[PDB]
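**Q** give me a 3D structure for the following:
(chains A and B, ligands or ions: 1)
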Amino acid sequence: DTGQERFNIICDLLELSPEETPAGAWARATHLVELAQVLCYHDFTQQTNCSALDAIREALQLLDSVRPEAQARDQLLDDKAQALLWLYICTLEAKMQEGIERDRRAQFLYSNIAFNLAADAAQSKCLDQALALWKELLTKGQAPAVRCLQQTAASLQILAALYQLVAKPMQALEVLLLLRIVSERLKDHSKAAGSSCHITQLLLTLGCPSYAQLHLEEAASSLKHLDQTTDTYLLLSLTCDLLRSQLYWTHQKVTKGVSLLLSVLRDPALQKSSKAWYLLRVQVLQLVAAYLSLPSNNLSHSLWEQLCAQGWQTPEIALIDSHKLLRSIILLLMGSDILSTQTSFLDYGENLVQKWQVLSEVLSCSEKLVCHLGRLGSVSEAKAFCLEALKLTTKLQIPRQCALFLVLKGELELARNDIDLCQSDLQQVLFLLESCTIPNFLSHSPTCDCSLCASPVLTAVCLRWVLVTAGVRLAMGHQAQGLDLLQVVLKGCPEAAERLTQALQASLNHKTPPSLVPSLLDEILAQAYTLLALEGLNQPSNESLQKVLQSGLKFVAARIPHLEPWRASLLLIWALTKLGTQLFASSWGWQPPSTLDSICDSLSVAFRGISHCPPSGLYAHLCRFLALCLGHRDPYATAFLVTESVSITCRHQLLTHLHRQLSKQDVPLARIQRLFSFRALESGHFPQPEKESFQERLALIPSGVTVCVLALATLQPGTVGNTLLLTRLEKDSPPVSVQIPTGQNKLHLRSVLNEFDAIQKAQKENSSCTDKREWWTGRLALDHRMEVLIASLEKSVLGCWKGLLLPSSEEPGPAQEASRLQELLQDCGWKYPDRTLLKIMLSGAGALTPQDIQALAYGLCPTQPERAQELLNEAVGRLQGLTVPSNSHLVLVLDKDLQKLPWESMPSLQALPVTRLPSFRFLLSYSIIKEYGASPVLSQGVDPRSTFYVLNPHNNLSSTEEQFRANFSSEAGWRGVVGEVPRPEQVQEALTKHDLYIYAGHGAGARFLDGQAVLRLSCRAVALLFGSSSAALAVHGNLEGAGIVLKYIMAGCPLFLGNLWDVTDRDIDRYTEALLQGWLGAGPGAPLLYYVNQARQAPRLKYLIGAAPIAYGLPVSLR
Amino acid sequence: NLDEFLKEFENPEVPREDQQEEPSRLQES
Ligand SMILES: [Zn+2]
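**A** Numbering: from 1, shown residues only, chains lettered A, B, ... in the order given. Next up is the structure itself:
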C-alpha cells in the first residue's frame, strides 16, 4: 500500500506552490493529476474534499492555460497525455461502479443500447488525443526531454491494455511500437523482449504470420542481452519458444513444433506460483488446442500420444481449462464484483496493466469457446458463455464487444430454431452499429474509413450479422433475400482481408507486403460456402449454386488443416450429390420385395478429416452414408460406421465431465478415457483407424446381451430420411446389418413421425376443454390413433426384420439352413450371399409368418420368381415350432428422431426386456464400472428400503396427493417431501445416498434439480420420474436431444423410467400405482422391465398414457 | 352420438406440465 503517503506528500506540493505564475499553474496541474491518480482507486474524499473527475477537469483547464518555454514542450505534451489517460481511467471506473450498483438494484439485454451511447464519442477521443500527444513526443530522433521516461513507458503499457479491452487492436499495435522505441532508448532489455512478444501475439491472433516471425526473432535477439538466471529470463525464453511452436503450427512444421511444445510444457518453470506465469499458462493451454484441432494425418502417432498424455483430451477441454485460469486471475486482481453480482486493486504498476489484459483475454477466450462449442453441437453451453460475456461487457459499457457477443447469441438462437429472439438480437445490433458509425453499413465502398469498416472487429461483427440474417431468411421460407445476403458475405470477406492487410502495413511500416494474407475471416467464408452448397442441393436446377461446390472445395482444401470440418461438410455434400435403383442395395444382401467406389473413398477421407473432433450432425450423416455405400461389402466396417453415428454430443459432454472428474488428483476413469477418446487407436490405412478400432471395441460386448441400433438414414442434411439401418451386434456374432427402405411402401417413415406430432398437438389443444363430452371424445379419438401407429412400426417399417430384434436362436438349429439356403438362393439370383441372416431369425420359428417368409424370400432371392420364394417358404415351414427362447436383455439404440416413437409396445417386443442406451461405448463403460466395484445397484440390487420421493412440490395437484399419501408414507424405510419444494441439499442426497427416486409432479423437477446439479454428483439410484415428457429428448431443430435423462445416465444411473409425451393425472397415477405394487410386491430378484410391461395395461387409455414410460440404461432388479 | 353415455363419464383431468465452475483461488505471486 502507498495511499496515505502519496496523499499527504501530493497535498504538500498542492499547498507548496502558487498559481498566478505560468510555472505555478503547470505544477498545480501536475499535482492535481497525481491527486486524481490516488482518488481514482482509493477512498480519501472525506479527507480530500475533492472527486477524481473534478480534480482532473481542473488539471485539464489549467494545462490548456499554459504556454511553454519552447524547450519544455515535451514535458507539457507528456503531462497532457497522462491527464487525458487518467480522465479516461477515472470515467471508466465510475462507469464500472455505477454498473455494479445497477446490478445491485436489479437482482436485461435491453440496456445493450440503453448505454448513453453519447459519451462513447468523447471518451474514445480522450484516448485518441492521448495517443496523438505521446506519438508526437516519441516519433522524433532527438532524445525525449521528459523528466521521467519510465512513467511514459508504464503509461504506454496501460494505454495498450485499455485499447485491447475496447476492441481496437490496430491502435494497440502503434502503442506497443512506441513502447519498443521507449524501451530501446532507455536501454532496458527486458521491456523490449516483453513488447516484442505482445507485438507477435497480437499479430498472430490477427492472422499475419510473416511479420510475427520477424518480431519473434527481434525478441529472440533481445533475449541475449540480459542475465541468464533471473525469473525474467526463464519466462521470456519460455514465451519465445511457445511462440515458435505456434508459428510452426501455422507454418506447416508441426513435427518440430510439437517437440518445442513438449519442452515448454515439461519445463517446471510453467508451474511456479506467479501472476506472469499464470498468464503464460493460458497461452500454452490455447496452443494445446490449436494442435488438438489438427487431424491425425498432419503428425505421427507417437507425437499425438505424447501430447495427449499430459492431459487436454479434446480441444474444448483446453479452452475451458483456460477460461477457468483467467477467471481465477480476475478474482486475484479485481475482486469479484465484475464477474458476479453476489478485494482492493492494489495498483503498483504491473497490476494496472494486468487488470485490463486479463479482462481482454477473458473476452477473447470466451469468443473462441462460443465459436468452437457451437460448431460441435453444444449450443446450450455456447449460449451460457455468451450470456456471461454479454453481462461482463454490459457492465463495462463497451459497445463493440456487446455487438460480437450479440451476433454470437443470434447465431446460436438460429441453431436452436427460434426466429423471434434471433431477430430481436440482430436488431439490437443494428442500433449499436448505427451508434458506432434495413442494414445501412452495406453499399459502402470496398475501401473506406468508416468506423464499422476501418476496424476489423466491427467488420467481422457486420459480416456475421449478415450471415445470421441470411440464415433467418432461409429458415422463414423467404429465400432469394437470404441467398443474396450470403452472396454479400462471400464477396465482402476477401475485401475486408485486403483492408486489414493494408492497415497492418500502414501501422508496422514494413516494405514488403504480407507473404501470408490474414486468416481471421476464413471461417466466415467457409460457413457461407457451406450454406450456399446446402441450398444448391435442394435446387439442382441452378448451375451457379452447383459450381459453388467446387469453389468451396478449392477454398477449403487450399488451406489444410485450417478448415477441416468445412471440408468434411463439403465432401459429404459432394458424395450425396454424386449419389443422385439405389447403389446401396448392391452393397447389402437384401432389397425390399465406379461412382460408388469413389464416393466411399471420399467419405473415408472426410471421416479422417473430422474423426478426432467431429461435429455431431456432420459425423452422423457421414457415418451412415458410408454405411449405405458399404453395406455387407465389409460387415465390420458397416457396423462400426452405424454405431459411430448416434449420440456424439453425449460423448463430447462425457469426455469433458471425465476431465473434470480426474481434475478433482482412478483406473476405471483412465480406461473410460481410452474408450471415449476419439484417437485411442493404432495408425494405418482405413481398417487400422476404422475397422480395427471398431473390432477392438466390438470384442467387448457383455456375453448374453444384444445391442441393436436403429439409425434413420438421411437423404439430405436437415430433413428426416426414408432409409433405416439396423445392426445386430453380439459377442462371437459377425455384424448383421441391413436396410429397411420405407419410402416405397404405403406408410412412409415421415408419415409416422408427422402423425406423432399431429397427435401431440391435438392433445395440447384438447388439454383446455371444459365440456366432459368434448374432452372425453378427444381422448378416445387419440388413443385409437396411437394404437394404430404402434402397429404401423411392426407392420410397415421393420417389415421382415423383427427376428433381428427378437433374441436370435443360438441353438444348433439354424445351422441346418445357414448353408442350405445359400447353395440355391445364390443360384437363383442372390448378389451378396450373407450367412448370418439365416440364423438370426430361427428363434420362434412358429411365430414366423408366411407373409414374413414371402418378403424374406423375395429380398434374399431375386430373379427367378418360383424358387426365390418356394424354397425359402418350404424350408422355413419344415422348421416350425422348433424351440423355445432364452433370456437375453436388449438395449435398443435409436437416433435423434426415432427416439420419440414408442418402440417398446411393438407387438413383438412386449414380453422381452427392452431398454434404451445412448450409445455402445456407454454399454461397455457400464461393464468397466461394473467390474471395478462401482455402480452398486448393478452389483447387489435395488434395496426396497432405500427410496426417496418428491410428491407435489407445488400445491397444484390435489388428486395426486389424495391418492399417494399413506401409500408413499407407510412404505417401510422411505423418506420424502410433500407440499413444500425440497431444498437443493436434500434432493442431491436422494440421488447419491439412496437407490430409488420416485417423482410425482410436473415435468422432471427441472426446477428443484437441474441437470447441472445431477452431473456434479454420481447417481446410485434408479430414476422412476413420472411426469410429462420426463424422458423426452426435445429435438429443438437439427440439434440432437436434450433432457434430464442424458445427464442421469452420465452420472451412472442404472435405469431411467420417464414418460415420453404429456400425461394427465389419473391415468399416470394408475400406472405408477400398478408398477410400484407389481415390482415391490414381487419379491427379491424381480426385473423392473417385466413389471413395466405389465403396468402398461393399467391406464384407461392404454396407448396414450399407457405406452409413454420408457427405460434408459441397463436392467435393474431387487436383491 | 354416445352424448347421453358420455354424461356418465368422469369430469376432465388436469395436465402434469407447468405451462409457465466457481473460479479458484490462485496462490498469490
Ligand atoms: Zn464504410
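**Q** surely residue A:5 is within a strand?
**A** No - per DSSP: H, G, I helix; E, B strand; the rest coil, residue A:5 lies outside any strand segment and is helix.
**Q** against residue A:48, how distant is it?
**A** For residue A:5, the distance to residue A:48 equals 14 Å [Cβ to Cβ, to the nearest Å]. All C-beta spots, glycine's among them, are computed from the backbone N, C-alpha and C.
**Q** same question, residue A:635
**A** 84 Å.
**Q** for residue A:94, give its distance to chain B.
**A** Residue A:94 sits 26 Å away from chain B, going by Cβ to the nearest Cβ, to the nearest Å.
**Q** in this structure that residue contacts residue A:53, no?
**A** Yes - look at residue A:94 against residue A:53 with Cβ atoms under 8 Å: they come within range, at 7.0 Å.
**Q** overlap in contacts of those two?
**A** Both residue A:94 and residue A:53 lack any common contact, where contact means Cβ atoms under 8 Å, 6 or more residues apart in numbering or on different chains.
**Q** what's the neighbour count on the residue nearest to residue A:1086 when sequence neighbours are not counted?
**A** Ranked by Cβ to Cβ, 6 or more residues apart in numbering or on different chains and with sequence neighbours excluded, the top spatial neighbour of residue A:1086 is residue A:1118, at 5.2 Å. For residue A:1118, the count of nearby residues is 17 (other Cβ atoms under 10 Å in any protein chain shown).
**Q** circling back: compare residue A:5 and residue A:48 and say which is more crowded by neighbours.
**A** Taking other Cβ under 10 Å, residue A:5 and residue A:48 do not tie; residue A:48 has more neighbours (18 against 10).
**Q** tell me the contacts of the nearest residue in space to that one that is not next to it in sequence?
**A** Closest residue to residue A:48 apart from its sequence neighbours, by Cβ to Cβ, 6+ apart: residue A:39 at 6.1 Å. With contact taken as Cβ under 8 Å, 6+ apart, residue A:39 is in contact with A:45, A:48, A:50-52, A:55.
**Q** filter these to the buried ones?
**A** Buried members of the contacts of residue A:39, scored by 16 or more other Cβ atoms under 10 Å in any protein chain shown, are A:48, A:50, A:52, A:55.
**Q** farthest-apart pair in those residues, please.
**A** With Cβ to Cβ as the measure, no two of the buried ones among the contacts of residue A:39 lie farther apart than A:48 and A:52, at 9.8 Å.
**Q** in helices only, show me the contacts of residue A:39.
**A** Within the contacts of residue A:39, residues falling in helices by DSSP state H are A:45, A:48, A:52, A:55.
**Q** quick check: the last one touching residue A:38?
**A** No - in this structure residue A:55 lies outside contact range of residue A:38 using Cβ under 8 Å: 9.5 Å.
**Q** the single nearest residue of the stretch 151-300 of chain A relative to the ion and residue A:519: what is the separation?
**A** The nearest approach of the stretch 151-300 of chain A to the ion comes at residue A:170, 15.2 Å away (Cβ to the ion). Distance, residue A:170 to residue A:519, using Cβ to Cβ: 17 Å.
**Q** which residues of chain B lie near chain A?
**A** B:3, B:6-7, B:9-18, B:21, B:23-29 (Cβ under 8 Å from any Cβ of the partner chain).
**Q** can you flag which of those belong to strands?
**A** Applying DSSP state E to the residues of chain B next to chain A, no entry is found in strands.
**Q** how about whichever residue of chain B sits closest to the ion, nearest residue that isn't a chain neighbour?
**A** Closest residue of chain B to the ion, Cβ to the ion: residue B:23 (39.8 Å). Nearest residue to residue B:23 in three dimensions, chain neighbours excluded: residue A:327, at 3.6 Å (Cβ to Cβ, 6+ apart).
**Q** give me the number of residues near that neighbour?
**A** There are 20 residues near residue A:327, going by other Cβ under 10 Å.
**Q** I figured it hits residue A:361, correct?
**A** No - applying Cβ under 8 Å, one finds residue A:327 not in contact with residue A:361, separated by 10.5 Å.
**Q** grab the nearest non-local neighbour of the residue nearest the centre of chain B.
**A** In chain B, the residue lying closest to the centroid (Cα atoms, centre = their mean) is residue B:17, at 2.2 Å. Nearest residue to residue B:17, sequence neighbours excluded (Cβ to Cβ, 6+ apart): residue A:1028, at 4.4 Å.
**Q** tell me the contacts of the one you found?
**A** Residue A:1028 touches A:1002-1003, A:1059, A:1061-1063, B:15-17, counting by Cβ under 8 Å, 6+ apart.
**Q** rewinding a little: quick check: phi and psi on the residue nearest to the centre of chain B?
**A** phi -130, psi 140 (degrees, to the nearest 10).
**Q** hmm, it is touching residue A:1029, no?
**A** Yes - counting by Cβ under 8 Å, residue A:1029 is a contact partner of residue B:17 at 7.4 Å.
**Q** what touches both of those two?
**A** In contact with both residue B:17 and residue A:1029: A:1003, A:1062, using Cβ under 8 Å, 6+ apart.
**Q** which single residue of chain A ends up nearest chain B?
**A** residue A:327 (3.6 Å; Cβ to the nearest Cβ).
**Q** list phi and psi for that residue.
**A** Torsion angles, degrees, to the nearest 10, at residue A:327: phi -60, psi -40.
**Q** how about residue 7, what does it touch?
**A** Because you didn't say which chain, this covers chain A. By Cβ under 8 Å, 6+ apart, the residues touching residue A:7 are A:35, A:38, A:42, A:44, A:47-48.
**Q** switch to chain B, that's the one I care about
**A** Residue B:7 neighbours (Cβ under 8 Å, 6+ apart): A:772-773.
**Q** from residue A:1046, how far off is it?
**A** For residue B:7, the distance to residue A:1046 (Cβ to Cβ) stands at 45 Å.
**Q** from the contact counts, what lies against whichever strand or helix holds residue A:420?
**A** Using DSSP states H and E, residue A:420 sits in helix A:419-436. In terms of contacts (3 or more Cβ pairs under 8 Å, 6 or more residues apart in numbering or on different chains; DSSP states H and E), helix A:419-436 is packed against helix A:111-114, helix A:399-415, helix A:451-454, helix A:456-476.
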